[PDB]
Amino acid sequence: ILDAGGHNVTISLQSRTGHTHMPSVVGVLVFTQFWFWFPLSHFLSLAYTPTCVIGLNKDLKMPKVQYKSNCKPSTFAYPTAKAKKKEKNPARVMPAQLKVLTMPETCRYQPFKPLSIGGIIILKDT
Amino acid sequence: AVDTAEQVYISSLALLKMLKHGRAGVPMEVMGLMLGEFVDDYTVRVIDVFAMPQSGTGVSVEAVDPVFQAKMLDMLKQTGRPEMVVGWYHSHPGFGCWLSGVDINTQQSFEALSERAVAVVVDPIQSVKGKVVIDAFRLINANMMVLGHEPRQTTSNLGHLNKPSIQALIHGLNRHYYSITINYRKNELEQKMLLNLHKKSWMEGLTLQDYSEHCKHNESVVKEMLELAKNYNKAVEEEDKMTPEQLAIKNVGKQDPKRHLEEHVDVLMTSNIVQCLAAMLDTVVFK
Amino acid sequence: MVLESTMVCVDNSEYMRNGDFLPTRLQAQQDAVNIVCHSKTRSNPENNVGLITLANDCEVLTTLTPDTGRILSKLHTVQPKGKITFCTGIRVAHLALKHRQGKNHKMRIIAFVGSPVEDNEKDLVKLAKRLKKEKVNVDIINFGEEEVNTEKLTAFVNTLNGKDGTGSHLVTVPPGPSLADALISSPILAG
Ligand SMILES: [Zn+2]
């Protein structure tokens, strides 16, 4: 559980938009009792959802972008000046570290939409 | 070969013949036989239970009478359902219902003939009401010493069967033997009527008579036990008025309370029987 | 051997107590029970044969069993006084045939009618079509005094079965003095 997805992903039953995630709830409720049916422990893999910041600008093209996070490196430890992240393979991120991060000011590619949560978002060429 | 978690589906008629055949022999241990059908490895059912006669050899593999088995199965053939035999059982009223040396001495014969032949033991002594009691036993194969001795899979009924861990001398048989789970299948209509059958005790005999017998006595000589209850009023409450003063001396609770609580509140619940059933007189006497 | 259960019916009607069949119909039908129980014994060991009293109240004192010993005991001191009753006499043995444990035995009834019966033709034809639905084959042997060349009983056996059904045969006592053994000599060789 704690290491699920190499610590990069976790279970999320509630999206930021306010809608519940059906396969995660369905995954964990069938996962409730593993004693009767042992393979029910595999159904929890559906409950795993990726938590990452995806810097994909659009389509197939992958820009190179690094932006700063204000949290200390102690929060970045996954067993300061600026964080080093993708540049979209995206990079893992904590839901608590998504509010402190800021879009790059001096980079050529800047998001048109205000950046708040992670996932895949638009990145506009400036 | 293949081993999976086992469950014994039992019929109430089987359990009835179990404890009935075990109660009539107390203290002496009796010998029965289990009847049912083998559906598969991971599930088993006992749909009937019949009793073997007691002989001079005692409880032994020779105590089973072959001509009794031939005539019983013939009597089962004229009976509605002539199902095939499965396993054996013997009661142990005098002790903690553990398998003895003769029990395994007949177990290699029952495992010879029948593939499974689950051994069941039952005793009346342990609990008078609220426990399944009984017991369960199955002989593990000594030829399995090569491979591992620790199945099954789907540990649900297994890990829940082991608890309490059943003492020491009983789980001293957990080496070379293992228990098996028992569940009560419904058959809800018969279970419900037989539920009310014993409820006739604490409810009423007919659900009418016994508390119309409470309308027979009905305060009658029932004030005599109220006079003894009001003697329990005087007795218990004359030492109950000594308690709160002593509480002020010792400062305060000695933990305690003496209890010396409730009690005659129930006598006032019989006063609810007084007011109700006597208020029925206005309905009885008038029309 | 052939699989079936034969139910023999003695005639307890008051007209069966006369000694016209030597020495007496009591011992005559007793020998008739002797020859049917020993023939079915020589036929198949699995055949179980009980007895039924047709006249007055119908009660089977001997549960259906292959051993005829208890049947031979009931042949004595049977006290066969009463009025013959037909319609119930076949159905009472039919209920005794539905109590058989094994279902592989065919239903077979043998009865003796030695007395004139008041049974209407509508009752015997209702039992005839009822036995047609129940497949029961009944072989009756008429003893005693009755209507000369019995018709309603012959029409009862005729209309009882058909195609083939091989079958129900009726043996009527000939109008002449003869021993009971000579009357049962024909059915034992051929039905
Ligand atoms: Zn014993």
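Asks: Please explain the overall build of chain A as it appears in this structure.
Replies: Check the secondary structure of chain A and you find two helices and seven strands. The helix and strand sequence of chain A, counted from the amino end, reads β-α-β-β-α-β-β-β-β. When the 126 residues of chain A are sorted by exposure, 26% land in the buried category. As displayed, chain A offers around 8,800 Å² of accessible surface, 67% of which is attributable to carbon and sulfur atoms. Separation of charge centres in chain A, based on 16 positive and 5 negative side chains, amounts to 4 Å.

Asks: Looking at this structure, I do not really get the layout of surface pockets. What am I missing?
Replies: Take a probe with the size of a water molecule and roll it over the atoms, and the empty space left behind shows itself. Residue and element names in this part refer to chain B. By volume, the largest pocket amounts to about 1,400 Å³. Along the walls of the largest pocket sit 46 residues, with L161, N174, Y178, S179 and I180 positioned nearest its centre. Mapped by element, the contributors of at least two residues to the lining of the largest pocket are α5 (156–162), β6 (177–178) and β7 (181–184). With six residues, the top contributor of residues to the lining of the largest pocket is α5. Across the lining of the largest pocket, the residue classes tally to 22 nonpolar, 16 polar and eight charged. For the second largest pocket, the lining is made up of 31 residues, of which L15, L16, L19, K129 and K131 are closest to its centre. When residues of the lining of the second largest pocket are traced back to their parent elements, those giving at least two are α1 (12–23) and α6 (188–202).

Asks: What is the right way to look at the environment of A:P104 in this model?
Replies: The residue A:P104 is located in the loop between β4 (91–92) and β5 (109–110) in this model. Residues A:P104 and A:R92, spaced twelve residues apart in sequence, show a C-alpha to C-alpha distance of 18 Å.

Asks: Mind showing me how you'd approach the sheet that holds β7(B) here?
Replies: Residue and element names in this part refer to chain B. Ordered by their spatial adjacency, five strands build an open sheet running β4-β2-β3-β1-β7, and the pairing between neighbours is mixed. Of all strands in the sheet, those with a lone pairing partner are β4 (85–89) and β7, marking the two edges. Averaged over all adjacent pairs, the angle separating strand axes in this sheet is 40 degrees, with direction ignored. α1 rests against β1 (7–10), β2 (32–37), β3 (43–51), β4 and β7 of the sheet, and its axis sits at about 45 degrees to β3. On top of the sheet, helix α2 (residues 66–78) reaches β2, β3 and β4; it is set at about 105 degrees to β3, its chief contact.

Asks: In this structure, what is going on with unusual backbone geometry? I would like to understand it.
Replies: Trans is the prevailing form of peptide bonds, just as negative phi is the prevailing case for residues other than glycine. Residue and element names in this part refer to chain B. Residue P27 follows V26 across a cis peptide bond; omega there is -5 degrees. The residue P27 is located in the loop between α1 and β2 in this model. In this model, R259 is joined to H260 through a cis peptide bond whose omega is -5 degrees. Relative to the helices and strands, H260 resides in the loop between α9 (243–250) and α10 (265–285). Positive phi outside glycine occurs at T154, with the angle close to 60 degrees. Checked against the element boundaries, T154 lands in the loop between β5 (138–139) and α5. Accessibility expressed as a relative area gives 24% for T154, which makes it partly exposed. Positive phi is not limited to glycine here, since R259 has a value of about 55 degrees. Mapped onto the secondary structure, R259 falls in the loop between α9 and α10. For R259, a relative accessible area of 48% translates into the label partly exposed.

The rules behind each value
Residues numbered from 1 in each chain as written, not as in the entry; some residues may be left out. Chains lettered and ligands numbered in written order. Part of a larger assembly, values for the part shown. Heavy atoms only, no water. Helix = DSSP H or I, 4+ residues; strand = E, 2+ residues; numbered from the N terminus. Buried < 20%, exposed > 50% of the residue type's maximum accessible area, 1.4 Å probe, protein only. Areas by Shrake-Rupley, 256 points an atom, 1.4 Å probe, with all protein chains shown as cover. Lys, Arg positive; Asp, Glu negative; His and termini not counted. Charge placed at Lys NZ, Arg CZ, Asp CG, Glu CD. 1 Å grid on protein atoms, 1.4 Å probe; cavity = no way out; pocket = protein on both sides within 12 Å on 5 of 7 lines; lining within 4 Å. Points joined across faces, edges and corners; volume = space filled by probe spheres on them. Nonpolar A, V, L, I, M, F, W, Y, C, P; charged D, E, K, R; others polar. Pairing = 2+ DSSP bridges. Axes fitted to C-alpha atoms, helices over the stretch in contact; angles between N-to-C directions. Contact = heavy atoms within 4.5 Å.

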